[PDB]
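This document opens with one chain alone, in structure tokens, the form deposited in one PDB entry.
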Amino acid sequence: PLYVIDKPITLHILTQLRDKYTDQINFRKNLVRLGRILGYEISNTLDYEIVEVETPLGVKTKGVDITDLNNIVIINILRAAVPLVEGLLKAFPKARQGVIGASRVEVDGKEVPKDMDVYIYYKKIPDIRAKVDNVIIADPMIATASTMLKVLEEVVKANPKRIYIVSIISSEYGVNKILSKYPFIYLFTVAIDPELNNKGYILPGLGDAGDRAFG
């Protein structure tokens, strides 16, 4: 499933991120806001049960109980994903966190990359309950989707109940590459951009998340 959250407020933030005149302080600020928001959207796609509670006025009433909110694991890719994950964690107060330090080897070429090398420098993940936990992986950008598929190689084994991928911008090439391999993955993103340049950068994109966040 592909959820493109393009509501006025998320598109308003995306425009601040895209704008090159935005400094890293405000850039990181929005990522935290968007992870907050995107987290809410994801909340509304979870499994809920119909329950009954008694109000103060003795009256019994029917309400919902999203049992899944107690089975969430958010994996942080680090780098630009930190402000984002900081936002998601705000929305899922009961989520455990894991980190899979992934970074693609940025190559310069004469053609548009359809694939890139990805190295993993750090790995600390919580136990993932099979058929129970909902895993959320954050990545500000998805270009060739090489970074994402690399982290997935492992997450997918755990066989979590669900798998969500949050990103700000995704390239058409990337969404299709990921969802054609794991179409069961709920992929959230505020927008999808057309192409990748010869360095594997999304166009129009927003630049190098890492550079925008800590430059």
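So that the term is clear: the rigid core is the largest set of C-alpha atoms that superpose within 1.5 Å between two forms. The first residue of the sequence shown is number 1, and the count goes up from there.
*Could you settle it for me: does 170-178 or 50-58 have the higher average Cα B factor in the PDB entry?*
Higher of the two, by average CA B-factor, is 50-58.
_Residue stretch of maximal mean CA temperature factor, 192-200 vs 5-13_ = Per the PDB record, 192-200.
*At the C-alpha atoms, which of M148, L34, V155, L187 reaches the highest B-factor in this entry?*
Highest CA B-factor of the listed options: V155.
_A91, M116, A81, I74, ranked by C-alpha B-factor: the highest one_ = Across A91, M116, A81, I74, the entry lists the biggest C-alpha B-factor for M116.
*asked:* Test of reading the entry: by CA B factor among the chain's modelled residues, which third contains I163?
replied: Its C-alpha B-factor belongs to the lowest third of this chain's values.
*Would you mind ranking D133 by its C-alpha B-factor against the rest of the chain and naming the third, lowest, middle or highest?*
It falls in the bottom third of the chain.
*asked:* Is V112 in the lowest, middle or highest third of its chain when residues are ranked by C-alpha B-factor?
replied: Its C-alpha B-factor, which the entry lists for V112, ranks in the highest third among residues of this chain.
*asked:* Per the entry's values, where does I66 land by CA temperature factor relative to the rest of its chain, in the lowest, middle or highest third?
replied: CA B-factor rank for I66: middle third.
_B-factor third for the C-alpha atom of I125 within its chain_ = For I125, whose C-alpha B-factor we compare with every modelled residue in the chain, the answer is the highest third.
Another form exists, deposited in another entry; not displayed. Remarks below refer to it.
*Pick out the one residue among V112, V82, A91, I125 whose C-alpha shifts by 2 Å or more between the shown form and the other one, once the rigid core is superposed.*
It is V112; the other listed residues stay below 2 Å.
*Do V112 and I77 move together or apart in that other deposited form, judged by C-alpha distance changing 3 Å or more?*
Closer together, by at least 3 Å.
*Do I13 and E106 have their C-alpha atoms closer or farther apart in that other deposited form than here, with the shift being 3 angstroms or more?*
Distance between the C-alphas of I13 and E106: longer in that other deposited form, by 3 Å or more.
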